[PDB]
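Worksheet for the structure shown next.
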Protein chains: 2
Amino acid sequence: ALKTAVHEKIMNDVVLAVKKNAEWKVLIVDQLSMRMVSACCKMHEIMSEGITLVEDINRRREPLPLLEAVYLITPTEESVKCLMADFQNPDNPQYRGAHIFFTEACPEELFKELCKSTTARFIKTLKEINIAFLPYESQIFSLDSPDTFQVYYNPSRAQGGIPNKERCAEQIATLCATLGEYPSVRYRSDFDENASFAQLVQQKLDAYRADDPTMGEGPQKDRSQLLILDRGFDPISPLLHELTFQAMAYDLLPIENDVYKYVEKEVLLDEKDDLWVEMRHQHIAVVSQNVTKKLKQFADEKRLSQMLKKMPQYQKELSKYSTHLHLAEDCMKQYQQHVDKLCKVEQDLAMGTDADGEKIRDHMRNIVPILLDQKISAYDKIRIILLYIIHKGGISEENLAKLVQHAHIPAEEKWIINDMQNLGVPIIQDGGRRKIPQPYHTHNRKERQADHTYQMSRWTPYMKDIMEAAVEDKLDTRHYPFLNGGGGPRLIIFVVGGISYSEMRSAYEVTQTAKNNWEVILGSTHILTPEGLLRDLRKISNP
Amino acid sequence: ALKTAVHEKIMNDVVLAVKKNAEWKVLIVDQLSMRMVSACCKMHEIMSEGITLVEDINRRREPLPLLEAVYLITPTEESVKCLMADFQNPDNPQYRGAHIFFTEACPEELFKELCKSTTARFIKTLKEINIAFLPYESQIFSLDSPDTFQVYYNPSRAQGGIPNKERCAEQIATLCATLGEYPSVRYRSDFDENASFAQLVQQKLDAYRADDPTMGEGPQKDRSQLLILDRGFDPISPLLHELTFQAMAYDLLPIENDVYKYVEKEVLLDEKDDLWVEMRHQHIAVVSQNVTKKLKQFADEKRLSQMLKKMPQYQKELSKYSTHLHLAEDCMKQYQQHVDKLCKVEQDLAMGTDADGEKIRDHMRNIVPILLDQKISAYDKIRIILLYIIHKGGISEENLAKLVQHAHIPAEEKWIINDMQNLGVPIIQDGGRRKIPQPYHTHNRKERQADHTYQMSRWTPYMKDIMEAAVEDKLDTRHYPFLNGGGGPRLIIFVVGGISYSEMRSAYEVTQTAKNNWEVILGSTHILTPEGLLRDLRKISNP
């Protein structure tokens with residue numbers, strides 16, 4: 001797991017490497033850093049390694065003059081300045097000394113400014129653990145750089161983007177490093193910025209191979225490939241209304257920064273929550289169902305001072321079981337409120353052949369009735385239109401202008417449809433240009449029987465197709481060439497422009513199947529969400 | 001059950017008697033009324049009888065001009081005024097008309113004030129269901145008159161008490177009525193006010209027999225007895241630190257008006273809570289234990305629109321299971337914090353023979369060490385001292401003065417010990433008076449093997465002894481005579497001065513055992529609590 005890799009560094013290269021002589025220190029982390037720490041290890045392991053306290057470099061906290069401090073922060077202005085402040089004045093510093101562990105090489109501009117600080121004296125250590133990415137999940141990582149979307153798709157952003165682009169490379173490089181992998185680069189050639197990008201990625205990791213010959217060590221590690229994909233390789237998947245717990249939850253519910261508040265108790269959906277890790281990839285159809293089947297299975301495993309301890313945790317269990325039903329409930333509600341409705345139109349559009357493989361009255365049918373539905377929202381309608389246009393392979397400046405009217409889609413959201421083009425997708429019918437392909441459409445992909453256990457869930461992400469090929473070592477190269485030559489093992493896929501939970505799900509499935517011992521790791525600039533993707537297209541024409 | 005009796009009236013004399021012509025009405029209840037309603041019937045039965053809504057006469061609620069309203073309230077100023085306000089102005093009343101069902105005959109002073117109100121017009125009905133008591137539990141009722149304690153034990157309250165005393169009679173009379181019982185009166189003769197009181201009780205229920213010959217109808221109802229006891233019949237039980245869930249909970253936790261708030265969600269411990277009804281009478285030793293054994297047993301009994309309903313209640317279940325553990329936890333904590341400690345001294349004192357039937361170093365031993373314990377509280381110490389004095393059968397003005405000092409018991413609480421005497425209990429050794437008995441002491445009661453499964457729980461309330469006799473029809477009469485002659489069936493015990501949960505528990509046990517089909521119903525002026533009893537003795541010398 002990528003999870004394990006990070007967990008390793010944090011303990012073996014930070015907490016333990018500093019733990020010395022029955023003493024005590026404070027652990028200072030920031031926004032991002034705390035994120036990954038809290039994703040790979042539990043305080044327990046940390047606190048019980050000489051870490052009396054843990055807290056945010058920013059949020060001001062109480063001084064501890066006689067204690068060494070371990071700073072595990074990112075080379076950002078904010079953090080570095082907050083650091084410099086903690087020792088902005090000797091003869092009154094807080095924390096006896098300072099052990100600095102940067103998340104990634106520090107800017108020579110900032111680094112140099114730190115060396116000319118009153119803080120330079122207290123610095124007893126100075127390293128960086130090379131972790132420019134967030135271990136979002138066991139098999140998923142995020143560069144947390146949603147702006148790259150712009151850099152990549154906003155025309156008036158091209159020049160003055162290299163900085164941003166290569167930082168992603170840099171970031172991606174540390175993912176490979178942290179995994180002890182020196183993979184073969186491949187990229188979808190149907191979009192040009194890809195090859196260009198593919199380069200920086202190589203260069204960045206060539207450099208990493210230098211500072212460590214262990215990167216890509218014997219065994220299977222060599223059959224490993226790093227495939228770079230652009231968002232345009234599949235505009236459908238990211239738009240659909242998925243009905244698997246995790247996928248669905250984040251689309252219909254208001255879950256800010258992975259935290260689900262409900263009717264006020266709030267809970268964080270995280271790797272740490274075992275239940276969540278075992279439910280996120282399941283159909284609402286059976287969620288509530290299996291959730292309770294789990295509750296019991298749990299009870300059967302519980303059959304005066306030593307007991308007054310078995311309690312605090314027995315309470316925790318019950319709570320998980322409540323929030324998940326409670327979570328799966330909010331879902332089931334929203335579905336009936338209007339979603340099932342859209343799921344029919346959408347599936348038919350993405351499948352090209354509804355439930356019984358017919359065709360459809362495509363051109364202005366099923367659509368309009370929905371587009372008028374006064375209950376359905378603006379974005380819901382935009383999603384249905386895009387999927388619609390995508391199916392037609394394009395549409396006239398005219399017709400499009402029509403659909404947009406029957407939907408009463410505001411002016412401010414009008415362009416979102418249009419810009420989808422910047423990703424490669426053919427939206428405006430003629431435009432008098434060079435024809436554009438669509439590898440993601442059902443008809444151009446290997447057939448899969450039309451026996452889907454659920455009708456509202458008929459679609460499969462092209463992404464999965466791609467994985468299943470790469471894994472069985474049969475992914476075409478006129479479309480997904482190797483940077484030059486080549487061809488765990490580990491399959492590293494990177495989508496510049498965001499990825500969907502359905503795609504994240506897929507990685508898991510492929511990884512937990514005919515896996516020739518293969519493991520698929522999906523990562524991206526950011527984690528996408530239907531409306532998220534929409535807001536993202538929006539920023540190109542209205543930043 | 002007394003439960004059934006009340007349930008009957010509420011439906012057959014209120015909800016049904018008003019349910020007419022496919023229409024709808026609102027049910028308006030108050031603090032007390034809602035209590036008993038929620039103890040005898042579930043909304044289901046009510047809501048599905050033309051009761052669209054139920055709510056508190058006080059808490060202001062929305063108007064429903066075209067709906068009749070059914071008021072089931074008590075003849076109190078608060079309620080009657082709130083009523084009079086609902087129609088304080090015609091041409092803008094809320095609720096088309098009004099059906100008033102008083103809990104008990106309304107004061108001619110208040111009643112008369114209601115007749116001269118703008119509300120008099122809207123009154124389409126006016127009755128009272130004759131319930132001058134609180135059906136606390138399935139087998140316990142309370143007159144909710146804690147002041148009677150004073151009337152009975154405060155010397156300077158005797159004259160000018162008859163009013164209060166006979167209202168209790170009146171109240172007790174309606175308990176017998178509501179139960180269709182015309183029982184034989186008996187009273188502990190060792191305390192004089194008893195016979196005196198016994199009288200009013202007879203008279204009050206003679207009167208009730210008049211207005212209804214059905215009171216005491218054939219079958220077993222005639223073997224039924226109403227035994228009147230004074231608090232002094234057992235000063236021990238009420239002082240002990242009981243370790244059965246309910247008993248314990250109310251003593252160590254801060255549970256105002258039967259509502260347990262914890263760490264803020266709050267919950268009401270009530271007959272309606274099935275779990276509570278099945279746990280209140282159990283030893284902490286096994287509470288948490290059986291509680292979880294129940295959780296599972298529940299899960300095994302749960303194995304998309306019709307399901308989005310099975311949810312709202314499945315959530316309720318989980319919550320019960322949490323609050324009870326959570327409740328039983330707060331208990332287990334307190335126990336270790338200091339209680340176990342006291343439980344040893346106390347038990348030894350009340351038993352006269354600790355765990356292994358020895359004797360003890362009684363006179364100033366075990367006591368003092370505790371009396372100094374800076375952790376233990378003032379009341380805890382007072383409890384230990386009383387139990388101590390009670391064991392000695394009394395103590396010198398001197399010694400008592402000593403104990404009180406080693407304990408640093410404030411002046412304000414000093415007398416509580418002394419006044420315990422007003423109840424008959426011999427506290428000041430000599431006093432130069434007529435010797436006083438103690439029927440409750442272990443040695444004067446039938447033997448019971450010293451094989452108590454728990455050491456901290458060795459004591460049995462004399463009260464139980466009394467029941468087990470009356471039931472097997474063998475209760476002595478030189479001490480518990482019949483008002484004159486005589487001798488369900490139903491055993492009605494009434495303690496003037498409060499009753500303990502341990503005693504409440506006992507009634508159940510006796511009722512659910514060798515019961516010759518007998519049922520024991522325990523009732524009192526109020527429900528006692530160790531510190532409660534203390535505060536009660538306090539008011540005699542410092543009202």
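Residue names in the structure tokens use chain letters A, B, ... in the order shown, residue numbers from 1 in each chain, and ligand numbers from 1 in the order shown.
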Please determine the contact residues of chain A with respect to chain B at a cut-off of 9 Å, counting only C-alpha atoms, and supply them as a PyMOL selection string. chain A and resi 285+289+292-293+295-300+302-305+307-308+311-312+314-315+318-319+321-322+325-326+329+332-333+336
DSSP on the backbone, strand (DSSP E or B) only: what residues of segment 26-205 of chain A does that give? Format it as a PyMOL selection string. chain A and resi 26-29+51-56+68-73+98-102+123-128+134-137+140-142+184-187
Put those residues in a file: C-alpha atoms, as a short mmCIF file (atom, residue, chain, number, x, y, z; two decimals), in the first residue's frame.
```cif
data_model
loop_
_atom_site.label_atom_id
_atom_site.label_comp_id
_atom_site.auth_asym_id
_atom_site.auth_seq_id
_atom_site.Cartn_x
_atom_site.Cartn_y
_atom_site.Cartn_z
CA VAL A 26 6.45 18.48 20.69
CA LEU A 27 5.41 17.65 17.12
CA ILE A 28 4.53 20.71 15.05
CA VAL A 29 2.59 20.09 11.84
CA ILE A 51 5.87 13.00 21.49
CA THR A 52 4.07 14.65 24.38
CA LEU A 53 2.06 16.91 22.13
CA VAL A 54 1.07 17.53 18.52
CA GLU A 55 -0.19 20.77 17.04
CA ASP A 56 -0.58 23.24 14.18
CA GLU A 68 12.90 20.25 21.73
CA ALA A 69 10.39 20.70 18.94
CA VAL A 70 10.00 18.53 15.86
CA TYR A 71 8.66 20.52 12.93
CA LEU A 72 7.14 18.41 10.15
CA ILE A 73 5.96 21.09 7.78
CA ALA A 98 14.40 22.83 16.65
CA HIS A 99 14.39 19.73 14.42
CA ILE A 100 13.06 20.68 11.01
CA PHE A 101 11.65 18.04 8.68
CA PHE A 102 10.41 19.66 5.48
CA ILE A 123 18.16 24.42 14.25
CA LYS A 124 19.70 21.15 15.42
CA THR A 125 18.42 19.21 12.36
CA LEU A 126 17.32 19.98 8.82
CA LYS A 127 16.03 17.40 6.34
CA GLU A 128 13.05 16.83 4.06
CA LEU A 134 -1.37 13.39 -0.16
CA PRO A 135 -2.02 9.64 0.49
CA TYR A 136 -5.75 10.21 0.04
CA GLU A 137 -6.35 6.42 0.27
CA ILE A 140 -5.17 6.80 -4.31
CA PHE A 141 -3.03 9.91 -3.97
CA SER A 142 -3.68 13.55 -4.78
CA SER A 184 8.21 3.27 -17.51
CA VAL A 185 6.44 6.44 -18.57
CA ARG A 186 3.52 6.21 -21.02
CA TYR A 187 0.96 8.84 -22.04
#
```
Determine, counting only C-alpha atoms, which protein, DNA and RNA residues have an atom within 10 Å of an atom of residue 243 of chain A; residues of the same chain fewer than 4 positions away are not included. Present the result as a PyMOL selection string. chain A and resi 247-249+251+281-285+331-332+335+339-340+343+454+456-457+502
Chain A least-squares fit onto chain B, all C-alpha atoms in order: RMSD in Å?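 In short, the RMSD is 1.1 Å.
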Which residues are near residue 279 of chain A? Cut-off 9 Å, only C-alpha atoms, ignore same chain within fewer than 2 positions. Put them as a list in words.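 Contacts, in chain order: residues 244, 245, 246, 274, 275, 276, 277, 281, 282, 283, 287, 290, 291 and 324 of chain A.
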Go ahead and save the picked residues with N, CA and C atoms, as a short mmCIF file (atom, residue, chain, number, x, y, z; two decimals), in the first residue's frame.
```cif
data_model
loop_
_atom_site.label_atom_id
_atom_site.label_comp_id
_atom_site.auth_asym_id
_atom_site.auth_seq_id
_atom_site.Cartn_x
_atom_site.Cartn_y
_atom_site.Cartn_z
N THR A 244 -22.67 3.99 -5.93
CA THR A 244 -21.93 3.15 -4.99
C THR A 244 -21.81 4.10 -3.77
N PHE A 245 -21.88 3.55 -2.57
CA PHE A 245 -21.84 4.40 -1.38
C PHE A 245 -20.95 5.65 -1.44
N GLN A 246 -19.63 5.47 -1.47
CA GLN A 246 -18.74 6.62 -1.49
C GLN A 246 -19.01 7.56 -2.64
N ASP A 274 -12.76 1.71 9.85
CA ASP A 274 -12.82 0.39 9.23
C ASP A 274 -14.10 0.10 8.49
N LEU A 275 -15.22 0.53 9.07
CA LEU A 275 -16.50 0.30 8.44
C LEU A 275 -16.50 0.97 7.08
N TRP A 276 -16.19 2.26 7.07
CA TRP A 276 -16.14 3.03 5.83
C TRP A 276 -15.27 2.37 4.78
N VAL A 277 -14.12 1.85 5.19
CA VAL A 277 -13.23 1.20 4.25
C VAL A 277 -13.88 -0.05 3.68
N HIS A 281 -17.19 1.20 -1.41
CA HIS A 281 -17.34 0.64 -2.75
C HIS A 281 -18.56 -0.24 -2.96
N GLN A 282 -19.65 0.01 -2.25
CA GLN A 282 -20.83 -0.83 -2.41
C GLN A 282 -22.06 -0.10 -2.90
N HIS A 283 -22.95 -0.84 -3.55
CA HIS A 283 -24.20 -0.29 -4.10
C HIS A 283 -25.21 0.10 -3.01
N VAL A 287 -26.14 -1.35 0.79
CA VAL A 287 -25.45 -0.69 1.90
C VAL A 287 -26.11 -0.93 3.25
N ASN A 290 -26.03 -4.73 4.29
CA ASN A 290 -24.78 -5.26 4.84
C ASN A 290 -24.27 -4.53 6.07
N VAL A 291 -24.61 -3.25 6.19
CA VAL A 291 -24.17 -2.50 7.35
C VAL A 291 -24.72 -3.14 8.60
N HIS A 324 -23.14 5.55 9.60
CA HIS A 324 -23.16 4.95 8.28
C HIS A 324 -24.57 4.70 7.83
#
```
Got a sec: who's within 12 Å of residue 400 of chain A, counting only C-alpha atoms, leaving out chain neighbours fewer than 6 positions off, as a PyMOL selection string? chain A and resi 363-364+382+385-386+388-390+392+394+406-407+409+414-415+417-418+427-429
Keeping only N, CA, C and O atoms, write the selected residues to a file as a tab-separated table (two decimals), in the first residue's frame.
```tsv
chain	number	residue	atom	x	y	z
A	363	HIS	N	-32.16	13.09	-29.91
A	363	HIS	CA	-32.09	14.32	-30.70
A	363	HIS	C	-32.66	15.51	-29.93
A	363	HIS	O	-32.16	16.62	-30.07
A	364	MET	N	-33.69	15.28	-29.13
A	364	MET	CA	-34.31	16.32	-28.30
A	364	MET	C	-35.42	15.71	-27.43
A	364	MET	O	-36.26	16.44	-26.93
A	382	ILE	N	-27.16	20.78	-16.76
A	382	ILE	CA	-25.92	20.93	-17.51
A	382	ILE	C	-25.28	19.56	-17.70
A	382	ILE	O	-24.85	19.23	-18.80
A	385	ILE	N	-27.10	17.68	-20.37
A	385	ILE	CA	-26.84	18.24	-21.69
A	385	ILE	C	-25.49	17.80	-22.24
A	385	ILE	O	-25.41	17.35	-23.39
A	386	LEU	N	-24.45	17.93	-21.42
A	386	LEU	CA	-23.10	17.53	-21.83
A	386	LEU	C	-23.13	16.08	-22.24
A	386	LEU	O	-22.71	15.75	-23.34
A	388	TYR	N	-25.47	14.48	-23.16
A	388	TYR	CA	-26.24	14.43	-24.39
A	388	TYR	C	-25.38	14.82	-25.59
A	388	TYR	O	-25.28	14.05	-26.55
A	389	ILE	N	-24.76	15.99	-25.54
A	389	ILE	CA	-23.90	16.43	-26.64
A	389	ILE	C	-22.81	15.39	-26.94
A	389	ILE	O	-22.53	15.05	-28.09
A	390	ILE	N	-22.19	14.89	-25.88
A	390	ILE	CA	-21.14	13.90	-26.02
A	390	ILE	C	-21.66	12.73	-26.81
A	390	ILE	O	-20.97	12.19	-27.66
A	392	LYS	N	-24.04	12.67	-29.07
A	392	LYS	CA	-24.21	13.07	-30.46
A	392	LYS	C	-22.87	13.30	-31.14
A	392	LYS	O	-22.81	13.45	-32.36
A	394	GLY	N	-21.35	15.82	-30.90
A	394	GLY	CA	-21.34	17.25	-31.11
A	394	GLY	C	-22.72	17.79	-31.43
A	394	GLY	O	-23.66	17.03	-31.70
A	406	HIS	N	-34.47	25.84	-22.83
A	406	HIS	CA	-35.49	25.03	-22.19
A	406	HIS	C	-35.09	24.73	-20.74
A	406	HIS	O	-35.93	24.39	-19.91
A	407	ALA	N	-33.80	24.87	-20.46
A	407	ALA	CA	-33.26	24.59	-19.13
A	407	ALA	C	-33.13	25.80	-18.24
A	407	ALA	O	-32.90	25.67	-17.05
A	409	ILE	N	-30.80	27.70	-17.93
A	409	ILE	CA	-29.45	27.69	-17.36
A	409	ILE	C	-28.94	29.13	-17.44
A	409	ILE	O	-28.84	29.72	-18.53
A	414	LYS	N	-23.71	29.02	-18.60
A	414	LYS	CA	-23.86	28.70	-20.02
A	414	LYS	C	-22.58	28.14	-20.64
A	414	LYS	O	-22.59	27.05	-21.22
A	415	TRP	N	-21.49	28.89	-20.52
A	415	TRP	CA	-20.20	28.50	-21.08
A	415	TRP	C	-19.63	27.17	-20.62
A	415	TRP	O	-18.95	26.49	-21.38
A	417	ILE	N	-20.70	24.39	-20.59
A	417	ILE	CA	-20.94	23.41	-21.64
A	417	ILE	C	-19.88	23.55	-22.73
A	417	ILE	O	-19.21	22.58	-23.11
A	418	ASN	N	-19.75	24.78	-23.23
A	418	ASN	CA	-18.80	25.12	-24.29
A	418	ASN	C	-17.35	24.75	-24.03
A	418	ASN	O	-16.70	24.09	-24.85
A	427	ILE	N	-17.78	19.39	-28.71
A	427	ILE	CA	-19.11	19.86	-28.35
A	427	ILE	C	-19.83	20.63	-29.46
A	427	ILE	O	-20.98	20.31	-29.78
A	428	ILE	N	-19.19	21.64	-30.06
A	428	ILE	CA	-19.83	22.41	-31.14
A	428	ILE	C	-19.68	21.76	-32.53
A	428	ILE	O	-18.72	22.00	-33.26
A	429	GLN	N	-20.67	20.94	-32.86
A	429	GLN	CA	-20.77	20.18	-34.11
A	429	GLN	C	-19.74	20.36	-35.22
A	429	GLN	O	-18.95	19.45	-35.49
```
Just want the 9 Å neighbourhood of segment 433-446 of chain B, counted on only C-alpha atoms, with same-chain residues fewer than 3 positions away dropped. Output as a PDB file with N, CA and C atoms, in the first residue's frame.
```pdb
ATOM      1  N   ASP B 190     -46.572   0.825  66.131  1.00  0.00           N
ATOM      2  CA  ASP B 190     -45.478   1.343  66.934  1.00  0.00           C
ATOM      3  C   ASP B 190     -45.259   2.855  66.790  1.00  0.00           C
ATOM      4  N   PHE B 233     -40.221   2.857  60.105  1.00  0.00           N
ATOM      5  CA  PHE B 233     -40.241   1.398  60.145  1.00  0.00           C
ATOM      6  C   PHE B 233     -38.945   0.792  59.597  1.00  0.00           C
ATOM      7  N   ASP B 234     -38.055   1.630  59.060  1.00  0.00           N
ATOM      8  CA  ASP B 234     -36.773   1.161  58.519  1.00  0.00           C
ATOM      9  C   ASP B 234     -35.909   2.315  58.019  1.00  0.00           C
ATOM     10  N   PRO B 235     -35.121   2.919  58.917  1.00  0.00           N
ATOM     11  CA  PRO B 235     -34.233   4.045  58.611  1.00  0.00           C
ATOM     12  C   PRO B 235     -32.963   3.629  57.905  1.00  0.00           C
ATOM     13  N   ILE B 236     -32.759   2.319  57.814  1.00  0.00           N
ATOM     14  CA  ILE B 236     -31.571   1.770  57.176  1.00  0.00           C
ATOM     15  C   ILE B 236     -31.655   1.785  55.647  1.00  0.00           C
ATOM     16  N   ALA B 350     -25.056  -2.326  58.616  1.00  0.00           N
ATOM     17  CA  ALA B 350     -26.447  -2.736  58.468  1.00  0.00           C
ATOM     18  C   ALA B 350     -26.647  -4.226  58.679  1.00  0.00           C
ATOM     19  N   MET B 351     -25.623  -4.994  58.354  1.00  0.00           N
ATOM     20  CA  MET B 351     -25.708  -6.432  58.500  1.00  0.00           C
ATOM     21  C   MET B 351     -25.390  -6.874  59.923  1.00  0.00           C
ATOM     22  N   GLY B 352     -24.543  -6.097  60.597  1.00  0.00           N
ATOM     23  CA  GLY B 352     -24.143  -6.426  61.950  1.00  0.00           C
ATOM     24  C   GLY B 352     -23.063  -7.496  61.913  1.00  0.00           C
ATOM     25  N   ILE B 390     -27.499   4.029  64.539  1.00  0.00           N
ATOM     26  CA  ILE B 390     -28.602   3.084  64.463  1.00  0.00           C
ATOM     27  C   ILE B 390     -28.140   1.707  64.905  1.00  0.00           C
ATOM     28  N   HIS B 391     -26.930   1.312  64.518  1.00  0.00           N
ATOM     29  CA  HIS B 391     -26.448   0.006  64.930  1.00  0.00           C
ATOM     30  C   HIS B 391     -26.264  -0.091  66.433  1.00  0.00           C
ATOM     31  N   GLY B 393     -27.894   1.414  68.524  1.00  0.00           N
ATOM     32  CA  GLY B 393     -29.184   1.552  69.177  1.00  0.00           C
ATOM     33  C   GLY B 393     -29.265   2.908  69.842  1.00  0.00           C
ATOM     34  N   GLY B 424     -38.782   8.146  65.153  1.00  0.00           N
ATOM     35  CA  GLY B 424     -38.871   6.993  66.028  1.00  0.00           C
ATOM     36  C   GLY B 424     -37.499   6.424  66.337  1.00  0.00           C
ATOM     37  N   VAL B 425     -36.609   6.457  65.353  1.00  0.00           N
ATOM     38  CA  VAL B 425     -35.248   5.951  65.518  1.00  0.00           C
ATOM     39  C   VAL B 425     -34.553   6.520  66.762  1.00  0.00           C
ATOM     40  N   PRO B 426     -33.947   5.640  67.565  1.00  0.00           N
ATOM     41  CA  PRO B 426     -33.247   6.052  68.785  1.00  0.00           C
ATOM     42  C   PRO B 426     -31.840   6.561  68.482  1.00  0.00           C
ATOM     43  N   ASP B 430     -29.424   8.074  75.899  1.00  0.00           N
ATOM     44  CA  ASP B 430     -30.288   8.071  77.082  1.00  0.00           C
ATOM     45  C   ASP B 430     -31.569   8.880  76.981  1.00  0.00           C
ATOM     46  N   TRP B 459     -27.422  -6.597  52.391  1.00  0.00           N
ATOM     47  CA  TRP B 459     -28.661  -6.176  53.032  1.00  0.00           C
ATOM     48  C   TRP B 459     -29.995  -6.328  52.319  1.00  0.00           C
ATOM     49  N   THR B 460     -31.014  -6.678  53.100  1.00  0.00           N
ATOM     50  CA  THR B 460     -32.377  -6.818  52.598  1.00  0.00           C
ATOM     51  C   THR B 460     -33.313  -5.903  53.397  1.00  0.00           C
ATOM     52  N   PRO B 461     -34.160  -5.118  52.702  1.00  0.00           N
ATOM     53  CA  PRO B 461     -35.106  -4.194  53.335  1.00  0.00           C
ATOM     54  C   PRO B 461     -36.166  -4.917  54.129  1.00  0.00           C
ATOM     55  N   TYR B 462     -36.354  -4.479  55.367  1.00  0.00           N
ATOM     56  CA  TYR B 462     -37.359  -5.058  56.247  1.00  0.00           C
ATOM     57  C   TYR B 462     -38.676  -5.079  55.472  1.00  0.00           C
ATOM     58  N   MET B 463     -38.866  -4.046  54.658  1.00  0.00           N
ATOM     59  CA  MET B 463     -40.045  -3.881  53.819  1.00  0.00           C
ATOM     60  C   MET B 463     -40.394  -5.183  53.100  1.00  0.00           C
ATOM     61  N   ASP B 465     -39.507  -8.247  53.874  1.00  0.00           N
ATOM     62  CA  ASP B 465     -39.936  -9.164  54.920  1.00  0.00           C
ATOM     63  C   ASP B 465     -41.438  -8.951  55.089  1.00  0.00           C
TER      64      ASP B 465
END
```
From segment 265-492 of chain A, collect each residue whose DSSP state is alpha helix (DSSP H) and return the set as an MDAnalysis selection string. chainID A and resid 274:279 287:299 310:334 340:351 354:357 367:372 378:392 397:406 411:419 462:471
Need the shell around residue 82 of chain B: protein/DNA/RNA residues with any atom at most 12 Å away, counting only C-alpha atoms. Skip same-chain ones fewer than 6 positions apart. Format as a compact mmCIF listing (two decimals) with N, CA, C and O atoms, in the first residue's frame?
```txt
# COMPACT_ATOMS: atom_id res chain seq x y z
N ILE B 28 -54.04 18.18 24.17
CA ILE B 28 -53.19 19.07 24.95
C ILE B 28 -52.99 18.55 26.38
O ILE B 28 -53.94 18.41 27.16
N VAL B 29 -51.74 18.26 26.70
CA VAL B 29 -51.37 17.73 28.01
C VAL B 29 -50.35 18.66 28.64
O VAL B 29 -49.79 19.53 27.97
N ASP B 30 -50.11 18.47 29.94
CA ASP B 30 -49.14 19.29 30.65
C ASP B 30 -48.01 18.41 31.22
O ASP B 30 -47.92 17.22 30.90
N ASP B 56 -47.79 20.07 24.85
CA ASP B 56 -47.81 20.75 26.13
C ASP B 56 -48.59 22.06 26.21
O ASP B 56 -48.24 23.06 25.57
N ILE B 57 -49.65 22.05 27.01
CA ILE B 57 -50.51 23.21 27.21
C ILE B 57 -49.70 24.48 27.41
O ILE B 57 -50.13 25.55 26.99
N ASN B 58 -48.54 24.36 28.04
CA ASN B 58 -47.72 25.53 28.29
C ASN B 58 -46.92 25.96 27.07
O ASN B 58 -47.21 26.99 26.45
N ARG B 59 -45.90 25.17 26.74
CA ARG B 59 -45.06 25.44 25.57
C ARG B 59 -46.01 25.93 24.48
O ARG B 59 -46.85 25.17 24.00
N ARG B 60 -45.89 27.19 24.09
CA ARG B 60 -46.77 27.73 23.07
C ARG B 60 -46.61 26.99 21.75
O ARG B 60 -45.49 26.68 21.33
N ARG B 61 -47.73 26.71 21.10
CA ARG B 61 -47.74 25.99 19.83
C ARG B 61 -48.66 26.66 18.81
O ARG B 61 -49.42 27.56 19.15
N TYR B 71 -58.25 18.74 26.01
CA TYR B 71 -57.35 19.10 27.08
C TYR B 71 -57.37 18.04 28.19
O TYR B 71 -58.40 17.78 28.81
N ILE B 73 -55.52 17.88 31.32
CA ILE B 73 -54.62 18.56 32.22
C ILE B 73 -55.06 18.51 33.67
O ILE B 73 -56.17 18.10 33.99
N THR B 74 -54.16 18.95 34.55
CA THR B 74 -54.40 18.98 35.98
C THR B 74 -54.96 20.33 36.36
O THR B 74 -54.62 21.34 35.76
N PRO B 75 -55.83 20.37 37.38
CA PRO B 75 -56.47 21.59 37.88
C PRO B 75 -55.51 22.58 38.56
O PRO B 75 -55.81 23.09 39.65
N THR B 76 -54.37 22.86 37.94
CA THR B 76 -53.40 23.77 38.52
C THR B 76 -53.52 25.16 37.93
O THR B 76 -53.97 25.31 36.80
N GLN B 88 -58.52 33.28 25.28
CA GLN B 88 -58.53 34.54 26.01
C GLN B 88 -59.17 35.64 25.20
O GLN B 88 -59.40 36.75 25.68
N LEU B 114 -62.86 29.88 35.98
CA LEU B 114 -62.88 29.41 34.61
C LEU B 114 -64.26 29.66 34.01
O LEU B 114 -64.40 29.95 32.83
N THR B 119 -63.39 31.77 27.88
CA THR B 119 -63.22 30.38 27.50
C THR B 119 -64.45 29.50 27.76
O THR B 119 -64.67 28.51 27.08
```
Work out how far apart atom CA of residue 162 of chain A and atom CA of residue 182 of chain A are and give it in Å to one decimal. 23.0 Å
